[PDB]
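Trainee: Below are the structure tokens for one structure; questions will follow.
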Amino acid sequence: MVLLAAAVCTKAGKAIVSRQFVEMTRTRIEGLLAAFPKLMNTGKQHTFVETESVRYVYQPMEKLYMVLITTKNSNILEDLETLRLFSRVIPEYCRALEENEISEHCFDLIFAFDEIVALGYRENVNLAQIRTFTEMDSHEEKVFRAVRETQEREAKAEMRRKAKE
Amino acid sequence: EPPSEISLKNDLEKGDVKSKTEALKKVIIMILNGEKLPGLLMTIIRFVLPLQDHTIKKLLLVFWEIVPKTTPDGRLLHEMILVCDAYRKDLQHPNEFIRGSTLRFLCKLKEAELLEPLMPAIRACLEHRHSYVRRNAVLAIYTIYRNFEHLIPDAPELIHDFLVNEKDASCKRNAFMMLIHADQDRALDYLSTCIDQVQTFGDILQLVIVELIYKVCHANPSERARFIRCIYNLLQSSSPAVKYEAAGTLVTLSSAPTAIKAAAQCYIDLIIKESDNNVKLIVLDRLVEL
Amino acid sequence: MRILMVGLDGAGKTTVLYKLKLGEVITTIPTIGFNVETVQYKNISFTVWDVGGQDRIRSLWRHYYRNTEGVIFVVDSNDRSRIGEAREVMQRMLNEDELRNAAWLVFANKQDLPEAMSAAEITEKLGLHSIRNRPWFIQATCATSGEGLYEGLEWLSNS
């Protein structure tokens, strides 16, 4: 891990969507976080704030914030890429921007967190390709046609056996 | 007397999967509250061992995952063994992504009666030529190591030999991360080996060692030379990450006036190069410490 | 229709099944759970639960207590062991009422595999002789044999 949660945020005092890598507690960790985030602490600008050794990492992208959190040291750029990267990805993932679209493609989006990042590790490149890995596959099909068919033959034959006998 | 649980049930028929999708979302939202009252379980049960709908399964599955499972039914709803056998098959599935995806899930998963022969099952899956699948095992295993490490007991070495068989950096990187957590020693042995080769290699894996080395000395040292030999090579240093760490580790290690200087330089240039201010401040802070 | 294959599955009770399904054989660990297939005829597609009658799984099937529509009993015709005992269990099916909504087949499997009983001998022995409020013609298979099965069945859906 290098992130116990990624939560994608909208301005609302509320983070539009989130996922909890690890459960234990209740939202109050997350819930409390949400509250703080909404509050912003009135604080003016700055895309980063870490306080109390917790990185609160964000990016305004519009009225939206995409947020990551961490507490102990990191190499920055990489990180940035990600925030930004998120900002590249979404209109593809869940369609454009407005909560709803995402609301429909929640599953897709969460799936993207996991997919993208395996526990704080930058997994790949290529979004489409990213689609590819699951619910978009290849092997299964190859197998299925042959197999299904084979069985089918046995079945067909069976239909006759059955049919008469 | 009747309820909309039923209302959802017909919808599912009506569409198939499609309607069910809708149902999942609703369920989800319902689930999201906590909330639900049982019965659809039965439906789910009925249709799902005989049904596909992969995405749906993925939704379903995840739902299971996030939601409890040691459910007041048991423990399990109590079928946590039977259904699994299809799933086990899927997990077996020749179908590699499909397994991998499961595995991904599986890393999330931690349901024991089901696990045991899946331990066998997983072992087979490791062999599959896909690094995705194999990598996924690394998480999964990690998941075991805390939950029921023992479940598998021979692992740390097994891994370590495995590393030998292995060559996909991605997987390697992972391999290290877990390996030191199981035991540093194996990594070290390998470390000895790797010492020259490092330079050639991709960073990410390199990083992980830097953490490890740190903890042990405060507890005890006497180890240096072998390291040093390498370390000097590391005093090439060149990725912004590498450099960022490289001076940082150094100080951790040392503080000789010469040391003081070495790191210092790295910073100064760095800074100079540097652009993200946020960053700049940070080093200061270290500096501030310093 | 919900058609039930029970007894402990792993014996090739499951073989019996896999043989139907792919033509193949038990290439699974001996299987406690639901095994599912749909087989389509009269396009009633018979959903087969090949379920081990192993401990829990026998014990616990209540969600599967619903209403039956077809009976396979897949048989170790070398078993001639748990059947009296079975008879003793079997009564509670009889004591179920869902269970009286199927014109059925007991299938004697595992004939080559050692031997088998009088078609009659068994018939009393599981307690089978005694029914009527469900049909009850008898059909032997083996698990490396079985034919005319379908006559048995023919009558059966068309009950």
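Residues in the structure tokens are named by chain (A, B, ... in the order shown) and by number from 1 within that chain; ligands are numbered from 1 in the order shown.
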Pick out the residues sitting within 9 Å of segment 119-130 of chain A, and hand them over as a list in words; count only C-alpha atoms, and ignore anything fewer than 2 positions along from it in its own chain.

Mentor: residues 1, 2, 3, 4, 21, 78, 82, 89, 92, 93, 112, 114, 115, 116, 117, 132, 133 and 134 of chain A; 170 of chain B

Trainee: Would you please extract all helix (DSSP H, G or I) residues from chain C, as assigned by DSSP on the backbone, and give them as an mmCIF file with N, CA, C and O atoms, in the first residue's frame?

Mentor:
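Result written to out_0.cif:
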```
data_model
loop_
_atom_site.group_PDB
_atom_site.id
_atom_site.type_symbol
_atom_site.label_atom_id
_atom_site.label_comp_id
_atom_site.auth_asym_id
_atom_site.auth_seq_id
_atom_site.Cartn_x
_atom_site.Cartn_y
_atom_site.Cartn_z
ATOM 1 N N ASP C 9 -21.266 -36.980 -3.595
ATOM 2 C CA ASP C 9 -20.967 -36.829 -4.966
ATOM 3 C C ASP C 9 -19.691 -37.217 -5.500
ATOM 4 O O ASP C 9 -19.515 -37.180 -6.683
ATOM 5 N N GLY C 10 -18.710 -37.323 -4.663
ATOM 6 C CA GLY C 10 -17.382 -37.328 -5.169
ATOM 7 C C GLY C 10 -16.924 -38.595 -5.721
ATOM 8 O O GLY C 10 -15.742 -38.783 -5.972
ATOM 9 N N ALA C 11 -17.823 -39.570 -5.674
ATOM 10 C CA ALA C 11 -17.479 -40.931 -5.865
ATOM 11 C C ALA C 11 -17.509 -41.237 -7.285
ATOM 12 O O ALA C 11 -17.170 -42.327 -7.724
ATOM 13 N N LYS C 13 -20.332 -40.106 -8.355
ATOM 14 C CA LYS C 13 -21.664 -39.667 -8.383
ATOM 15 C C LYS C 13 -21.606 -38.477 -9.276
ATOM 16 O O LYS C 13 -22.334 -38.279 -10.220
ATOM 17 N N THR C 14 -20.535 -37.753 -9.049
ATOM 18 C CA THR C 14 -20.089 -36.691 -9.835
ATOM 19 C C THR C 14 -19.580 -37.184 -11.139
ATOM 20 O O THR C 14 -19.816 -36.528 -12.124
ATOM 21 N N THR C 15 -18.838 -38.285 -11.256
ATOM 22 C CA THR C 15 -18.424 -38.878 -12.512
ATOM 23 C C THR C 15 -19.570 -39.055 -13.403
ATOM 24 O O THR C 15 -19.497 -38.712 -14.571
ATOM 25 N N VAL C 16 -20.649 -39.620 -12.849
ATOM 26 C CA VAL C 16 -21.901 -39.916 -13.443
ATOM 27 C C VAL C 16 -22.366 -38.675 -14.082
ATOM 28 O O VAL C 16 -22.631 -38.624 -15.279
ATOM 29 N N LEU C 17 -22.371 -37.599 -13.309
ATOM 30 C CA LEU C 17 -22.686 -36.323 -13.859
ATOM 31 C C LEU C 17 -21.807 -35.812 -15.008
ATOM 32 O O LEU C 17 -22.286 -35.179 -15.943
ATOM 33 N N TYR C 18 -20.475 -35.933 -14.898
ATOM 34 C CA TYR C 18 -19.530 -35.253 -15.763
ATOM 35 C C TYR C 18 -19.484 -35.857 -17.112
ATOM 36 O O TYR C 18 -19.181 -35.234 -18.120
ATOM 37 N N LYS C 19 -19.833 -37.131 -17.083
ATOM 38 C CA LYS C 19 -20.083 -38.023 -18.135
ATOM 39 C C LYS C 19 -21.262 -37.569 -18.882
ATOM 40 O O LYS C 19 -21.219 -37.442 -20.092
ATOM 41 N N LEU C 20 -22.356 -37.202 -18.206
ATOM 42 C CA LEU C 20 -23.430 -36.591 -18.950
ATOM 43 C C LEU C 20 -23.009 -35.307 -19.573
ATOM 44 O O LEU C 20 -23.502 -34.929 -20.630
ATOM 45 N N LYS C 21 -22.315 -34.503 -18.765
ATOM 46 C CA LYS C 21 -22.267 -33.141 -19.132
ATOM 47 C C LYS C 21 -21.310 -32.897 -20.194
ATOM 48 O O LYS C 21 -21.695 -32.284 -21.179
ATOM 49 N N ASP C 55 -21.785 -34.599 4.863
ATOM 50 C CA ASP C 55 -22.434 -34.271 6.073
ATOM 51 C C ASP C 55 -23.271 -33.034 6.189
ATOM 52 O O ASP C 55 -24.478 -33.163 6.216
ATOM 53 N N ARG C 56 -22.697 -31.829 6.087
ATOM 54 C CA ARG C 56 -23.360 -30.584 6.029
ATOM 55 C C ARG C 56 -24.294 -30.536 4.950
ATOM 56 O O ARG C 56 -25.332 -29.925 5.034
ATOM 57 N N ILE C 57 -23.800 -31.008 3.813
ATOM 58 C CA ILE C 57 -24.444 -30.702 2.599
ATOM 59 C C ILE C 57 -25.705 -31.449 2.525
ATOM 60 O O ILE C 57 -26.747 -30.862 2.318
ATOM 61 N N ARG C 58 -25.694 -32.706 2.940
ATOM 62 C CA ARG C 58 -26.895 -33.370 3.254
ATOM 63 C C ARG C 58 -27.706 -32.605 4.262
ATOM 64 O O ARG C 58 -28.908 -32.436 4.104
ATOM 65 N N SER C 59 -27.051 -32.204 5.368
ATOM 66 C CA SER C 59 -27.669 -31.558 6.488
ATOM 67 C C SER C 59 -28.377 -30.331 6.189
ATOM 68 O O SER C 59 -29.083 -29.847 7.041
ATOM 69 N N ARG C 62 -31.879 -26.488 3.007
ATOM 70 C CA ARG C 62 -33.179 -25.866 3.186
ATOM 71 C C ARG C 62 -33.668 -24.835 2.286
ATOM 72 O O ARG C 62 -34.859 -24.631 2.099
ATOM 73 N N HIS C 63 -32.738 -24.159 1.665
ATOM 74 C CA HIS C 63 -33.026 -23.197 0.673
ATOM 75 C C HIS C 63 -33.385 -23.888 -0.590
ATOM 76 O O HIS C 63 -33.944 -23.323 -1.514
ATOM 77 N N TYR C 64 -33.021 -25.161 -0.637
ATOM 78 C CA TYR C 64 -33.271 -26.071 -1.685
ATOM 79 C C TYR C 64 -34.445 -26.830 -1.271
ATOM 80 O O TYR C 64 -35.004 -27.567 -2.058
ATOM 81 N N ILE C 83 -27.782 -47.683 2.177
ATOM 82 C CA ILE C 83 -29.117 -47.652 1.674
ATOM 83 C C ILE C 83 -30.182 -47.915 2.680
ATOM 84 O O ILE C 83 -31.218 -47.285 2.634
ATOM 85 N N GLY C 84 -30.025 -48.878 3.599
ATOM 86 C CA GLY C 84 -31.001 -49.103 4.641
ATOM 87 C C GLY C 84 -31.086 -47.941 5.524
ATOM 88 O O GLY C 84 -32.103 -47.493 6.032
ATOM 89 N N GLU C 85 -29.893 -47.416 5.713
ATOM 90 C CA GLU C 85 -29.664 -46.311 6.514
ATOM 91 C C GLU C 85 -30.322 -45.172 5.823
ATOM 92 O O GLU C 85 -30.957 -44.323 6.405
ATOM 93 N N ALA C 86 -30.172 -45.140 4.518
ATOM 94 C CA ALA C 86 -30.737 -44.218 3.611
ATOM 95 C C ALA C 86 -32.178 -44.235 3.678
ATOM 96 O O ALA C 86 -32.776 -43.188 3.734
ATOM 97 N N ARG C 87 -32.787 -45.416 3.636
ATOM 98 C CA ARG C 87 -34.182 -45.647 3.751
ATOM 99 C C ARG C 87 -34.673 -44.948 4.970
ATOM 100 O O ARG C 87 -35.712 -44.283 4.974
ATOM 101 N N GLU C 88 -33.869 -45.064 6.039
ATOM 102 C CA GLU C 88 -34.142 -44.467 7.302
ATOM 103 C C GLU C 88 -34.117 -42.975 7.202
ATOM 104 O O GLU C 88 -35.029 -42.303 7.660
ATOM 105 N N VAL C 89 -33.164 -42.391 6.503
ATOM 106 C CA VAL C 89 -33.256 -40.985 6.211
ATOM 107 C C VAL C 89 -34.465 -40.528 5.395
ATOM 108 O O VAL C 89 -34.965 -39.420 5.555
ATOM 109 N N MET C 90 -34.762 -41.320 4.351
ATOM 110 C CA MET C 90 -35.432 -41.107 3.085
ATOM 111 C C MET C 90 -36.830 -40.815 3.383
ATOM 112 O O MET C 90 -37.457 -39.961 2.768
ATOM 113 N N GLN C 91 -37.296 -41.453 4.442
ATOM 114 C CA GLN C 91 -38.560 -41.193 5.033
ATOM 115 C C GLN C 91 -38.793 -39.732 5.227
ATOM 116 O O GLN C 91 -39.915 -39.309 5.121
ATOM 117 N N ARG C 92 -37.806 -38.911 5.584
ATOM 118 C CA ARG C 92 -38.097 -37.552 5.895
ATOM 119 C C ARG C 92 -38.338 -36.795 4.644
ATOM 120 O O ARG C 92 -39.023 -35.784 4.671
ATOM 121 N N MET C 93 -37.861 -37.302 3.493
ATOM 122 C CA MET C 93 -38.183 -36.740 2.210
ATOM 123 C C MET C 93 -39.574 -37.057 1.985
ATOM 124 O O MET C 93 -40.344 -36.278 1.462
ATOM 125 N N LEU C 94 -39.910 -38.299 2.318
ATOM 126 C CA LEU C 94 -41.240 -38.760 2.190
ATOM 127 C C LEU C 94 -42.146 -37.982 3.019
ATOM 128 O O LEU C 94 -43.331 -37.859 2.777
ATOM 129 N N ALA C 119 -33.227 -55.731 -9.104
ATOM 130 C CA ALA C 119 -33.839 -54.450 -9.303
ATOM 131 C C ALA C 119 -34.881 -54.246 -8.282
ATOM 132 O O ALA C 119 -34.929 -53.203 -7.663
ATOM 133 N N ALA C 120 -35.542 -55.348 -7.945
ATOM 134 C CA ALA C 120 -36.395 -55.487 -6.838
ATOM 135 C C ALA C 120 -35.723 -55.382 -5.526
ATOM 136 O O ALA C 120 -36.289 -54.791 -4.626
ATOM 137 N N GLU C 121 -34.594 -56.083 -5.325
ATOM 138 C CA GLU C 121 -33.913 -56.134 -4.070
ATOM 139 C C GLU C 121 -33.660 -54.805 -3.536
ATOM 140 O O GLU C 121 -33.948 -54.437 -2.421
ATOM 141 N N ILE C 122 -33.135 -53.961 -4.362
ATOM 142 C CA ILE C 122 -33.012 -52.610 -3.965
ATOM 143 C C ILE C 122 -34.308 -51.944 -3.624
ATOM 144 O O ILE C 122 -34.358 -51.034 -2.808
ATOM 145 N N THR C 123 -35.346 -52.290 -4.405
ATOM 146 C CA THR C 123 -36.570 -51.544 -4.462
ATOM 147 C C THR C 123 -37.210 -51.523 -3.140
ATOM 148 O O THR C 123 -37.635 -50.499 -2.641
ATOM 149 N N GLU C 124 -37.192 -52.625 -2.432
ATOM 150 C CA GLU C 124 -37.685 -52.574 -1.106
ATOM 151 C C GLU C 124 -36.729 -51.892 -0.253
ATOM 152 O O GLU C 124 -37.120 -51.200 0.670
ATOM 153 N N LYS C 125 -35.445 -52.194 -0.481
ATOM 154 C CA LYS C 125 -34.415 -51.796 0.400
ATOM 155 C C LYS C 125 -34.305 -50.329 0.589
ATOM 156 O O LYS C 125 -34.193 -49.909 1.733
ATOM 157 N N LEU C 128 -38.323 -47.917 -1.668
ATOM 158 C CA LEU C 128 -38.813 -47.508 -2.962
ATOM 159 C C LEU C 128 -40.077 -48.191 -3.437
ATOM 160 O O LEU C 128 -40.889 -47.618 -4.167
ATOM 161 N N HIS C 129 -40.241 -49.477 -3.101
ATOM 162 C CA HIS C 129 -41.352 -50.323 -3.458
ATOM 163 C C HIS C 129 -42.669 -49.728 -3.113
ATOM 164 O O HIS C 129 -43.713 -50.045 -3.671
ATOM 165 N N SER C 130 -42.626 -48.912 -2.079
ATOM 166 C CA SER C 130 -43.761 -48.440 -1.400
ATOM 167 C C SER C 130 -44.410 -47.209 -1.996
ATOM 168 O O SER C 130 -45.252 -46.656 -1.309
ATOM 169 N N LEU C 149 -32.758 -45.025 -20.559
ATOM 170 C CA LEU C 149 -32.788 -44.224 -19.398
ATOM 171 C C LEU C 149 -33.923 -43.359 -19.528
ATOM 172 O O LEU C 149 -34.752 -43.173 -18.660
ATOM 173 N N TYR C 150 -33.895 -42.805 -20.691
ATOM 174 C CA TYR C 150 -34.617 -41.819 -21.309
ATOM 175 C C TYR C 150 -35.987 -42.315 -21.506
ATOM 176 O O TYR C 150 -36.882 -41.509 -21.510
ATOM 177 N N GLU C 151 -36.249 -43.633 -21.594
ATOM 178 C CA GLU C 151 -37.607 -44.128 -21.557
ATOM 179 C C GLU C 151 -38.199 -43.815 -20.244
ATOM 180 O O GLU C 151 -39.391 -43.563 -20.098
ATOM 181 N N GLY C 152 -37.356 -43.956 -19.221
ATOM 182 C CA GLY C 152 -37.744 -43.801 -17.876
ATOM 183 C C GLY C 152 -38.166 -42.404 -17.742
ATOM 184 O O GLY C 152 -39.262 -42.073 -17.319
ATOM 185 N N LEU C 153 -37.265 -41.522 -18.149
ATOM 186 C CA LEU C 153 -37.469 -40.111 -18.178
ATOM 187 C C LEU C 153 -38.607 -39.682 -19.047
ATOM 188 O O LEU C 153 -39.190 -38.616 -18.875
ATOM 189 N N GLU C 154 -38.902 -40.451 -20.095
ATOM 190 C CA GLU C 154 -39.787 -40.003 -21.122
ATOM 191 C C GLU C 154 -41.110 -39.868 -20.514
ATOM 192 O O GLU C 154 -41.705 -38.789 -20.498
ATOM 193 N N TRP C 155 -41.491 -40.978 -19.850
ATOM 194 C CA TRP C 155 -42.699 -41.043 -19.102
ATOM 195 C C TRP C 155 -42.699 -39.960 -18.091
ATOM 196 O O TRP C 155 -43.711 -39.329 -17.840
ATOM 197 N N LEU C 156 -41.545 -39.769 -17.464
ATOM 198 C CA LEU C 156 -41.420 -38.902 -16.358
ATOM 199 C C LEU C 156 -41.781 -37.461 -16.590
ATOM 200 O O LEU C 156 -42.646 -36.975 -15.877
ATOM 201 N N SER C 157 -41.249 -36.722 -17.603
ATOM 202 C CA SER C 157 -41.710 -35.347 -17.773
ATOM 203 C C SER C 157 -43.082 -35.284 -18.280
ATOM 204 O O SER C 157 -43.720 -34.245 -18.278
#
```

Trainee: Mind pulling up the distance from atom CA of residue 166 of chain B to atom CA of residue 138 of chain A?

Mentor: 24.8 Å

Trainee: Mind checking which residues fall within 6 Å of segment 132-143 of chain C, counting only C-alpha atoms, ignoring those fewer than 3 positions away in the same chain, and posting them as a list in words?

Mentor: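 Counting only the stated atoms, we get residues 16, 100, 103, 104, 107, 108, 109, 110, 111 and 146 of chain C.
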
Trainee: Please produce a file of the residues just selected, as a PDB file, in the first residue's frame, where the atoms kept are C-alpha atoms.

Mentor:
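Result went into out-v3.pdb, see below:
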```pdb
ATOM      1  CA  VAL C  16     -21.901 -39.916 -13.443  1.00  0.00           C
ATOM      2  CA  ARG C 100     -44.382 -35.723  -4.086  1.00  0.00           C
ATOM      3  CA  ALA C 103     -42.444 -38.795 -11.268  1.00  0.00           C
ATOM      4  CA  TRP C 104     -39.045 -40.382 -10.882  1.00  0.00           C
ATOM      5  CA  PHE C 107     -30.505 -44.681 -11.252  1.00  0.00           C
ATOM      6  CA  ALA C 108     -28.411 -47.603 -10.444  1.00  0.00           C
ATOM      7  CA  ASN C 109     -24.898 -46.554 -11.221  1.00  0.00           C
ATOM      8  CA  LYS C 110     -21.646 -48.350 -10.532  1.00  0.00           C
ATOM      9  CA  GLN C 111     -22.652 -51.742 -11.844  1.00  0.00           C
ATOM     10  CA  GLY C 146     -26.839 -46.869 -18.937  1.00  0.00           C
TER      11      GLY C 146
END
```

Trainee: Using Å and a single decimal, report how far atom CA of residue 88 of chain B sits from atom CA of residue 122 of chain B.

Mentor: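 For atom CA of residue 122 of chain B relative to atom CA of residue 88 of chain B, the distance reads 9.3 Å.
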
Trainee: Please, which residues of chain B lie no more than 12 Å from chain C when the count uses only C-alpha atoms, and can they be set out as number ranges by chain?

Mentor: B: 39-51, 77-89, 92, 114, 117-118, 120-121

Trainee: Write out, as a PDB file, in the first residue's frame, the residues just selected, with C-alpha atoms.

Mentor:
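Heads up, here's the output in part_13.pdb:
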```
ATOM      1  CA  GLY B  39     -34.221 -13.436   1.015  1.00  0.00           C
ATOM      2  CA  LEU B  40     -32.815 -12.317  -2.279  1.00  0.00           C
ATOM      3  CA  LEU B  41     -29.905 -14.448  -1.172  1.00  0.00           C
ATOM      4  CA  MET B  42     -31.928 -17.300  -2.212  1.00  0.00           C
ATOM      5  CA  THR B  43     -32.474 -15.899  -5.625  1.00  0.00           C
ATOM      6  CA  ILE B  44     -28.975 -15.083  -5.957  1.00  0.00           C
ATOM      7  CA  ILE B  45     -28.099 -18.425  -4.938  1.00  0.00           C
ATOM      8  CA  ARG B  46     -30.430 -20.003  -7.365  1.00  0.00           C
ATOM      9  CA  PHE B  47     -29.540 -18.312 -10.482  1.00  0.00           C
ATOM     10  CA  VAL B  48     -25.857 -17.583  -9.918  1.00  0.00           C
ATOM     11  CA  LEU B  49     -24.137 -20.969  -9.706  1.00  0.00           C
ATOM     12  CA  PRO B  50     -25.870 -21.767 -13.047  1.00  0.00           C
ATOM     13  CA  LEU B  51     -25.240 -18.118 -14.383  1.00  0.00           C
ATOM     14  CA  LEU B  77     -24.191 -17.661   4.760  1.00  0.00           C
ATOM     15  CA  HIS B  78     -23.210 -21.325   4.994  1.00  0.00           C
ATOM     16  CA  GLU B  79     -22.751 -22.053   1.314  1.00  0.00           C
ATOM     17  CA  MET B  80     -19.310 -20.418   1.308  1.00  0.00           C
ATOM     18  CA  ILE B  81     -17.941 -23.758   0.283  1.00  0.00           C
ATOM     19  CA  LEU B  82     -20.247 -25.158  -2.292  1.00  0.00           C
ATOM     20  CA  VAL B  83     -20.617 -22.187  -4.701  1.00  0.00           C
ATOM     21  CA  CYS B  84     -16.999 -21.647  -4.485  1.00  0.00           C
ATOM     22  CA  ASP B  85     -16.371 -24.868  -6.298  1.00  0.00           C
ATOM     23  CA  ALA B  86     -17.544 -23.195  -9.525  1.00  0.00           C
ATOM     24  CA  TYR B  87     -15.594 -20.211  -8.546  1.00  0.00           C
ATOM     25  CA  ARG B  88     -12.661 -22.404  -7.670  1.00  0.00           C
ATOM     26  CA  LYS B  89     -12.978 -23.575 -11.166  1.00  0.00           C
ATOM     27  CA  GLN B  92      -8.760 -22.651 -11.691  1.00  0.00           C
ATOM     28  CA  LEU B 114     -12.849 -22.267   0.655  1.00  0.00           C
ATOM     29  CA  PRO B 117      -7.897 -26.471  -1.545  1.00  0.00           C
ATOM     30  CA  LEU B 118      -7.682 -23.207  -3.158  1.00  0.00           C
ATOM     31  CA  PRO B 120      -3.635 -25.977  -4.084  1.00  0.00           C
ATOM     32  CA  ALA B 121      -5.533 -24.176  -6.663  1.00  0.00           C
TER      33      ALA B 121
END
```
